[PDB]
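All residue numbers for the sequence shown refer to our numbering, where the first residue is 82 and numbers rise by one. Beta carbons are placed, not taken as given, at the ideal position from N, Cα and C, and that holds for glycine.
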Amino acid sequence: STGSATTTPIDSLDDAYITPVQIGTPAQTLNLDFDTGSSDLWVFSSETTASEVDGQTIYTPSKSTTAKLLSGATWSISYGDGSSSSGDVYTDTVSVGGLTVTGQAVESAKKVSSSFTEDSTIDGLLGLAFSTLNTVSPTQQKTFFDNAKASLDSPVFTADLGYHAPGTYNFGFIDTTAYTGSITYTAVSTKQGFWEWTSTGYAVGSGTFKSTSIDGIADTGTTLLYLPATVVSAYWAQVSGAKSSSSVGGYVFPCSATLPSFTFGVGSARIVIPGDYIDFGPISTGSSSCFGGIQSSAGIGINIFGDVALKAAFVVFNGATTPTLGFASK
Numbered sequence: 082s083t084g085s086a087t088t089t090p091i092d093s094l095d096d097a098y099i100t101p102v103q104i105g106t107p108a109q110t111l112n113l114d115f116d117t118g119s120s121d122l123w124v125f126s127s128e129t130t131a132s133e134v135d136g137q138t139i140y141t142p143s144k145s146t147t148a149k150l151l152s153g154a155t156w157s158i159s160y161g162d163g164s165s166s167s168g169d170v171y172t173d174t175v176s177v178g179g180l181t182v183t184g185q186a187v188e189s190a191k192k193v194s195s196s197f198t199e200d201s202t203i204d205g206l207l208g209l210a211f212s213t214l215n216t217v218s219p220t221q222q223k224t225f226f227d228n229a230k231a232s233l234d235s236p237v238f239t240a241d242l243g244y245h246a247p248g249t250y251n252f253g254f255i256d257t258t259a260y261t262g263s264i265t266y267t268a269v270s271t272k273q274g275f276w277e278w279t280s281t282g283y284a285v286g287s288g289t290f291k292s293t294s295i296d297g298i299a300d301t302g303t304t305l306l307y308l309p310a311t312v313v314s315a316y317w318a319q320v321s322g323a324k325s326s327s328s329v330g331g332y333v334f335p336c337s338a339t340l341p342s343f344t345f346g347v348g349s350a351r352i353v354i355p356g357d358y359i360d361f362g363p364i365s366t367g368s369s370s371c372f373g374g375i376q377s378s379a380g381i382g383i384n385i386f387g388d389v390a391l392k393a394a395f396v397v398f399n400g401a402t403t404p405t406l407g408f409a410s411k
C-alpha cells in the first residue's frame with residue numbers, strides 16, 4: 082500500500098509546513114507538522130487546558146468509535162527550541178493521504194507551552210524520527226511510519242518541500258517524476274534516534290568546494306539550517322553589512338543585500354540552496370534588517386539540515402534494515 086499527501090507552508094516565510102491527517106472514526110481532520118526530528122504523534126484535544134487553545138482544531142476521542150484510552154500511559158516532551166507538551170495516550174485509526182494505520186498511539190495534549198498556543202494553524206506534530214525517541218511511558222510507542230512499514234510497498238517516505246509553495250509527503254514509493262538526475266544515497270546512523278548523516282562539504286556562492294565532514298540530522302521540523310560556526314562565519318562574511326546580533330539571537334543582514342547560494346555535499350553529489358531561500362525577511366515589520374536562514378549550531382550541540390536545506394532537494398528517507406538518506410536535485 083501507499084500514501085500521498087500535500088504539505089503547505091503555514092505563512093509567507095515557510096516557517097513550518099502542515100499536512101492534513103485523518104484521526105478516528107468518523108474522520109477528524111487535523112493539520113499536523115511532519116517532524117523527522119521527533120517521534121511522538123501528539124495533538125491538541127478536548128483535554129487541552131482551555132486557556133492554552135487559540136484557534137486550533139482539536140481531536141475529540143469521545144466522538145470516535147475506534148478510540149481507546151491506553152490505560153496508565155503518559156508522555157512528556159521538550160523540543161530544542163524550549164517548547165514543551167504533555168498529557169495522556171489514546172490508540173485510534175490514523176490515515177495519511179489514503180494510508181491507514183489501526184491502533185496508532187495518539188498522544189493527547191493536556192498542557193502545551195505558549196509557542197504551540199500562538200501557532201493557530203498547527204494542530205499537532207507527527208513524529209518521523211526512530212521509535213527509540215518516543216516519550217510514552219511506561220510502554221514506548223511506535224511512530225506512524227514504523228507501524229505502516231509492513232503494509233508499505235517499499236519501506237520509504239519522501240519529502241518534497243516547496244519554496245513558498247505546497248509540496249508532497251509520499252509513503253511507500255518513489256515518484257521518479259518529482260526529481261531530475263539520479264538519487265545519491267548516504268549512510269544513516271540511528272545511534273541518537275535521528276536521521277543522522279555526514280555531509281561531505283560545502284561551497285559559498287561560486288567559491289571553491291571545501292571537502293570537510295559535517296555530521297548532522299535531516300530535520301523537517303526545524304525551519305533553518307544550523308551549521309558549525311566556522312562554516313556560518315565563512316558564508317556571512319560574503320554579505321556586506323551582515324553581522325551576528327545578540328539582541329536578535331543570530332545573523333542579520335541588510336534587507337537591500339543580495340545573498341549568495343550555499344552548496345552542501347552528499348557523497349560525490351552537490352545540492353545547491355539558492356540565495357533567496359536564505360532570506361527570512363525583516364526582523365520586525367518595517368525594519369531594514371533581515372533575518373538569515375543559515376545560523377550557528379554552536380549553542381545547540383547538533384548540526385541540523387532543516388527546511389532551508391531540505392526544500393532545495395527531493396529527499397528519500399529509507400527505513401530499510403540498513404537505513405539510508407537519498408538526495409536528488411529538483
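Practice item. Look up residue 312 in the DSSP assignment and say whether it is helix, strand or coil. Key: helix
Point to revise | Own chain residues within Cβ distance below 6 Å of residue 191, not counting five before or after | key: 128, 168
Point to revise | Endpoints, the alpha helix (DSSP H) within which residue 207 is located | key: Looking at the DSSP string, residue 207 is not in any alpha helix (DSSP H); the run it does join, the beta strand (DSSP E), is 205-208.
Point to revise | Residues near residue 346 in its chain [Cβ-Cβ closer than 6 Å; skip 5 each side] | key: 280, 281, 282
Practice item. Report all residues from its chain with a CB closer than 7 Å to the CB of residue 292; omit the five preceding and five following residues, and keep chain order. Key: 281, 282
Check your understanding: Among residues of its own chain, excluding the 5 on either side of residue 303, which ones have a beta-carbon nearer than 8 Å to its beta-carbon?
Key -> 118, 161, 385, 387, 388
Check your understanding: Which word fits residue 229, buried or exposed, when buried means at least 16 other C-beta atoms lie within 10 angstroms of its C-beta?
Key -> buried
Check your understanding: In this structure, does DSSP put residue 358 in helix, strand or coil?
Key -> helix
Practice item. Ignore the nearest five residues each way along the sequence and tell me which others in residue 136's own chain have a CB closer than 6 Å to its CB. Key: 201
**Study point:** Complete alpha helix (DSSP H) runs within the segment 168-213 (minimum length 4 residues, chain order)
**Key:** 195-199
Review point. So residue 407 and residue 397 are in contact, right, with Cβ under 8 Å, and what is the actual spacing, rounded?
Key: 3 Å
Review point. For residue 399, which of helix, strand or coil comes out of DSSP?
Key: strand
Practice item. Return the Cβ separation of residue 187 and residue 104 in integer angstroms, given the expectation that the two are a contact with Cβ distance under 8 Å. Key: 6 Å
Point to revise | Cβ-Cβ separation, residue 333 to residue 377 (assumed contact under 8 Å), whole Å | key: That belief does not hold up - the Cβ atoms of residue 377 and residue 333 are roughly 13 Å apart, past 8 Å.
Exercise for review: Please confirm whether residue 209 and residue 115 have their CB atoms less than 8 Å apart.
Suggested key: yes
Check your understanding: By how many angstroms is the C-alpha of residue 196 removed from the C-alpha of residue 158?
Key -> 14 Å
**Study point:** Three-state class that DSSP yields for residue 128 in the structure shown
**Key:** coil
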